[PDB]
Every structure is written in structure tokens, then in C-alpha cells.
Amino acid sequence: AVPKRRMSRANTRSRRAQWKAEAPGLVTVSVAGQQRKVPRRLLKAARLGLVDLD
Amino acid sequence: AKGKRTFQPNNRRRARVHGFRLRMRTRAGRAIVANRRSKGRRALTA
Amino acid sequence: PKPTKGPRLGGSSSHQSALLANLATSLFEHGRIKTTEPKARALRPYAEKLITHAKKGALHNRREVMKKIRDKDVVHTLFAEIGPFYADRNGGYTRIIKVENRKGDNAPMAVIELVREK
Amino acid sequence: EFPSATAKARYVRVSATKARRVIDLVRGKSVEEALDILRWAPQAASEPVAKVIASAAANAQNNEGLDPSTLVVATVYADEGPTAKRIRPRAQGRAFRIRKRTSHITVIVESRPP
RNA sequence: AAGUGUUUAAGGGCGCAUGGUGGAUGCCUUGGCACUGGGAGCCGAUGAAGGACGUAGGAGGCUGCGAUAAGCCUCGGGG
RNA sequence: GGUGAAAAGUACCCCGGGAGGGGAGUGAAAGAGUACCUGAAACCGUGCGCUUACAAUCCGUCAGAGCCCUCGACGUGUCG
RNA sequence: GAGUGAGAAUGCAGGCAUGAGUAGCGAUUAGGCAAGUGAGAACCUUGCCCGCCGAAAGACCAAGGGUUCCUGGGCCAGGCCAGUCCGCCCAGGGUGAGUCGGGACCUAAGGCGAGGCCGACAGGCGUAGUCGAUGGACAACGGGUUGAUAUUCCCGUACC
RNA sequence: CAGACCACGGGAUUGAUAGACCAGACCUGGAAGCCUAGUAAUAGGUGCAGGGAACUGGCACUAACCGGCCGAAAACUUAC
């Protein structure tokens, strides 16, 4: 089937607002003296030096 | 399948069926060459 | 070990078996292989069970690890170094560390290591 | 008005909507926090946004002589840019239009008090 | 105890402010159109019309030119 | 088709790999930056004000509380 | 004096929305790891494994394409992602024949066709000729070589 | 054993949540090696052997982490 009518801008906007990214939760880690922020999942990798903290 | 497309290229056949010598052979072809020249086409024939 | 619940890792059962064999080979060869997180999770049991065969010195376990691994260098490595190395450790021979996602398809990545405290 | 710095990454090869998807994660945030969020955000459109924000902070530090720690992304928005029109051939020899969209990402960072 | 009342915005709407895209509008023009008055009213085997390939110290297009190849000679204008 | 009168088309700083930008400069103008006169609408943002998650809406119109701004007045914050 | 007023012509052109950040991302082989390069790497390089074709998905001709080949650079466009890679982009280089395949040899079908015959004209035919390979005749084989050419170049030995 | 996602339900070191390991239960049906009977195919012993997934119980050996974001109140009238 095909859209029978142009969707009103209100409906378009309301449905399009649902396409959004979730902000990653950032945890502090101590690497090389300075403090960096990485996902808690990568916290162990950062501690073990496995994360390329630019 | 049999997916042979219509244009099967062949340069000899192209030249002998649409080429300059063919076009100049007959009155109609000479007229076509002259009409094409009058239009200004760069490629008067094959 | 426990089969794969969902669709198999490589794209088929045979390719998953081959992929687990190759990942186990690399894991035993380097001690540290980076691969997509689901591959690492599937490999942890596979590799730990090969190491279980290697931990006990027997020609029968030699042949079992061989019918899994098919890499004589790494089979010797197992049965000579990694066998006696885990003589006292009872399970959990390896470790999974989740690392950044792959920039290409944003896949979850994880490194599998062999444990080395004792 | 708090002192401010601008930075316009123009003709970025990212659809304006996708640039906005990542801008919303950071608008109003500190510059440091915005850069961390963009660093760990899966969205590939985050790299252009992070570069625009970093350029805004760099302009603040150098051209405006502001303290970086006091900067927050005050107003960041991505506008549509020129669209290239390509053709995708489809079944029964029907040509559909593909739109290679671009975006102008404008960042304006303000030096707010602690 | 029973009644009276906030204030939410995930999103949406409207107005305004600011932009982006886009290339309308205004004002133009290198081009075109329609004519006026004149000249020429033919060119070609002394090879035409029209081209191909070359030709500049340097890659192509246009222009010119033709292995004497953006040119050769003579006579005039010009500074 | 249209930068500018003139290319004066950003010697040398900064962020970036680049793109692009912020400085600084030229310019009468950069609200003219070889994407360039003017720069409409469609369309896409962002900011602010009001409004909306008990509601059945050809999306307006007429009454219209509330809220937010503006012009006067009186010079109490309330009336026009 | 009018190209004088558009909202409709499944009107025409350009720019844009809606659908929608959606379907799809093109078979029936399948990738993985390590290490490099890089700003960036699932996709490039190398190594090792794994797997796929193997009367081919291998090798080479012809047609066709036309520089796509090689070297060095580039990564804005294209590649259905990204790309440091590329059949993309830029410059330079690169194709060597007495024997190979053609012509200079020959004809078939067919074409054209001096005169010519036929036809109001235009022209239709066609003899002699003349072209016309897909055929007939016709002298070269091994090895090596470059980043790109090889029965061509080179070496050795043959043949017009 | 909850499930398209999300959600729901457990665990998160003060832990048995998952994996591994150790057992067991099951499935298969007698592993490899060696020895013996064999001119050999093969057979017998070692040996309810060996291989193993989902079920069960043990076991912190591996991973549940030196963490992060949210998240609590104008009052007033009347009676008691």
C-alpha cells in the first residue's frame, strides 16, 4: 500500500522525534594521570589500557 | 535464459550498414548526409 | 558446550564450528585475541574446554584437542605450556574484556585473554 | 551576554537530520562533556559534530582568549546544505532519485561562570 | 475529615527572532528575434561545401593554419 | 550567465587529515569569499512567548478566561 | 500599446517536502585472527588459518570496449556502507613481428559495377571487372627478460 | 524456559547469575593406546569404556567492575 495522504507536519514531527540517540553513560577512569570518561562497560578495558583514549 | 539484447555491436557491420560510403552510395543517403551537415552534426555517418 | 541459542555465529553451523576452531587457535597462539563480543562469548566455553583437555596429560585428550584445533603447533603449545600452566587453576582459564566498538559496523568488540595471575 | 565563539563546519557530508540526532545529545552541555559524549556516541555523524565543537572551543581559547573550562555549547544546530542528486536504477528500468545530503553544523560556545 | 488550586512537555501547534537550503524577484548582458538600406549574388577537377589527423615550448577545447602547419612572401595602414 | 570598481581572490596565527571555520587582513560593503549582485516562497533548523498528554478537531469563525509583550494615563498598580 | 493578472489543464520546468531515517544495500563461497599502514581500517597490505570454484569462479583467443594495463601520487565525486583501496581521479610510462592475425595472395554468398539493357524522371538490373572471409595458399620453435611487450625484445637453433 | 526491540524476571563479590571445573543424572554404546586371537578383514581384555549440550548439586577459577543519571511537598475554606 501507499500513503493515501501527505502526513501533516505535526504527525511527521511527532513520529520523527522518536528517532533519537541515547546519550551514553560516562564513568570516570584514571589513565596516565589525567582523568578520562568512558562507558562503564569499557571501564575494565580502560583500566587495562585496552581503550584508545585519544 | 535467452537474454540477448538487441544491439549486438560489430564495427564492420556498423560501417557497412550506416557508414559514409553507404550513405554516399544512394541519393537518399547523400541527402541524409547533407541534411546532417546542414543541421551541423559532427558525426555525419557511422 | 551449550549450543548457540540463536542463529549460528558464522552464518551456518559448519562455519561457526570452523570459526570457533580458528578463534581458539589464535587465542592459544597469541594469548590475547580481539574479536566481536558475541564471538568472544561463544569462544570462552569452546576454548576453556580445549584447555581442559590440555590440562590433563593424555594421548586421548591430545587427539581430542587435535580433532578440534587441527594446528599441530598450537596443540603442542596447549599440551606443553598451557596444560601445566593451569595445573592448579580449576576452571575459568580465560577472560573477556569489552573494548570499544568497531568503527565500520559499530559491532561490539571484546578481547579474550588467558588468565595469568598464578 | 557571556563571551562566545562560533564555528561553522559547512557542507558536511552528513544528512542534516543525522547531524541533529547527535547535536541534541550535546546542546547546552559543557564543552568537555559534549566532547566526551560525542566521543562515545555510536553515531558516525558524531565526528563532524565533535570537530565543530572542538573548533569552537579552540577559537574561544585562541581568538577570544577564554578559559576552556568555562565553555558550554550554547547554541548548536545543523542546517541542510546542498543536495547532490544521484540515480539509483531499479526494476523494470525505473530510475529512482538518491539524495546525497549535506549539512552546515554551526556551534556557538559561551564562556559561562562556574 | 470534606472541598478549593497550581505547577510537567516526551512530543505537537501557533506567533516572533534568527538562520540554512533554494534560486524567484529587481536591475542587467556576452546572446537571440524581427526588420531597413546597401554589397554579393554563386563555390567546384587550378579539387568545392564539409571534415579527419596533425600544427604552438609546454595536456586538452575553441580559433587560426597545413609537414612552409596560431603560420611563409609582397604591397599598403598603423605607431 | 551576474564576486568586486579593481583580484585587491584571506603571504605569517589557531582548530581539523581534509573539508570547513574562527582570528587577522583587502574591500565602501565579505549583510560581495572564485559555493560569490539582489536573495522570494516551498522546504529544513535553532532560540524565545503562549498553548497543549480525559481528548473525537474541513482545522476555521464568533464570544472568550488565563498568560506574555507594547502604547497612553494617572505617577500606588489599575484603567483605557 | 499589451506576451497584462492561474490554483487547478493526470499542465511544463526547477527546487523541495510526505512516505522515512523507512524498504533496500543485488544470490544460491565465509570468513577469522595476528601484525602493518593510516587521522580514520570489517572492507587496504602482509602472514597464518578457514572456506569456495576447479569442463571453472582456472588459462588463452575472437567479437566488443579503448587505455580500463604498469609506476607514482589523490581520496572531495563514483563504489549501494566506510575506504588509507579501486576497473574512480591526476601525471608519466607502456603495445617492438620477414614467420603470429590481417593487407600487399585468392576467391564464396553478397555488394558495387565501365560499357550496356530496361525505365517519363527518380532510377532497376547487370556483363567485363572489382571488391568481399566465416574458407584456400603461405616461412619459428624452445628458453630468458621488464613495472608494464613478447612465436615481436634477447639467447640458442631454424625457416622466407 | 523473559524476550522482535522495549518490557518483564533473577544476579551483581554481603555473589552460585552465566561460563568454566568437579561430580551426578541422562544420550550414545564400548574411546585412544597397549596386549592377545588371528596369513587379514576383524574380534576379545584393559573397561556400564570413552565422548558429550541444555537437567541437578557443589565450586568465586572467569565475568558481574575503584560508577553514572535520575529521584521527595504554595497553600486555603469549612467542620472536628
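Scope of the values below: all heavy atoms of this structure, side chains included, with no hydrogens, waters or symmetry mates. Letters A, B, ... mirror the listed sequences (proteins, then strands); counts begin at 1.
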Open item on the list: When you compare the ring of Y77(D) with the six-membered ring of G19(E)'s base, are the centres less than 5.5 Å apart and the planes under 30° from each other?
Closed with: no
TODO: For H15(C) and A30(G), say yes or no: do the ring centres fall under 5.5 Å of each other while the ring planes differ by less than 30°?
DONE: yes
Would you tell me if any nitrogen or oxygen in the side chain of [X] comes within less than 4.0 Å of OP1 or OP2 on [N]?
X       : N      : answer
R8(C)   : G31(G) : no
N11(B)  : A63(G) : no
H104(D) : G20(F) : no
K5(C)   : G3(H)  : no

Would you mind classifying the nucleic acid contact of [X] as base, sugar-phosphate or nothing, using non-hydrogen atoms under 4.0 angstrom?
X       : value
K4(A)   : nothing
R88(D)  : base
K100(D) : sugar-phosphate

Task: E33(D) and its side chain to side chain contact (heavy atoms under 4.5 Å, CB included) partner, picked from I37(D), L35(D), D36(D) - done: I37(D)
Open item on the list: Roughly how many Å apart are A148(G) and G142(G), using the P atom of each and rounding to a whole number?
Closed with: 22 Å
Open item on the list: Using a distance-only criterion (donor-acceptor N/O pair, under 3.5 Å, no hydrogens), is the base of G51(G) paired with the side chain of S14(C)?
Closed with: no
Open item on the list: Tell me whether the side-chain N or O atoms of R9(A) pair up with the base of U18(G) as donor and acceptor below 3.5 Å, since no angle test is needed here.
Closed with: no
Task: Distance, rounded to the nearest Å, where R13(A) contributes CZ and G21(G) contributes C1' - done: 14 Å
